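Participant: Turn this into a structure:
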Amino acid sequence: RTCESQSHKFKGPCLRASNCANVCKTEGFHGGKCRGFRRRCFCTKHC
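Facilitator: Numbering: from 1, shown residues only. Coordinates below:
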């Protein structure tokens with residue numbers, strides 16, 4: 001199961017998913033995905 005948490009470091013809109021995922025690695029997360037109408041970066045990792 002994959003858990004998500006809004007990135008504390010990513011600024012502005014999330015247009016490219018791998019950018020969100022690379023910023024998420026610096027927060028200790030596995031990956032990251034852009035989500036919602038507000039285009040927020042969400043950090044992903046196993047639950």
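Participant: Skipping adjacent residues, who's closest to residue 26 in space?
Facilitator: residue 9 (6.4 Å; Cβ to Cβ, 6 or more residues apart in numbering). To be clear about C-beta, it is placed using only N, CA and C from the backbone, and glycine gets the same treatment.
Participant: how about residue 39, what does it touch?
Facilitator: Applying Cβ atoms under 8 Å, 6 or more residues apart in numbering, we find residue 39 in contact with 13, 14, 15.
Participant: hang on, I meant residue 37
Facilitator: Residues counted as contacts of residue 37 (Cβ under 8 Å, 6+ apart): none.
Participant: Can I take it that the residue nearest to residue 26 is in a strand?
Facilitator: No: Residue 9 is assigned coil when assessed by DSSP: H, G, I helix; E, B strand; the rest coil, not a strand.
Participant: what sits against it?
Facilitator: Each residue near residue 9 by Cβ under 8 Å, 6+ apart is listed here: 23, 26, 27.
Participant: I'd like to know which of the contacts of residue 39 are buried.
Facilitator: residue 14 (16 or more other Cβ atoms under 10 Å).
Participant: That concludes my questions; thank you for your assistance.
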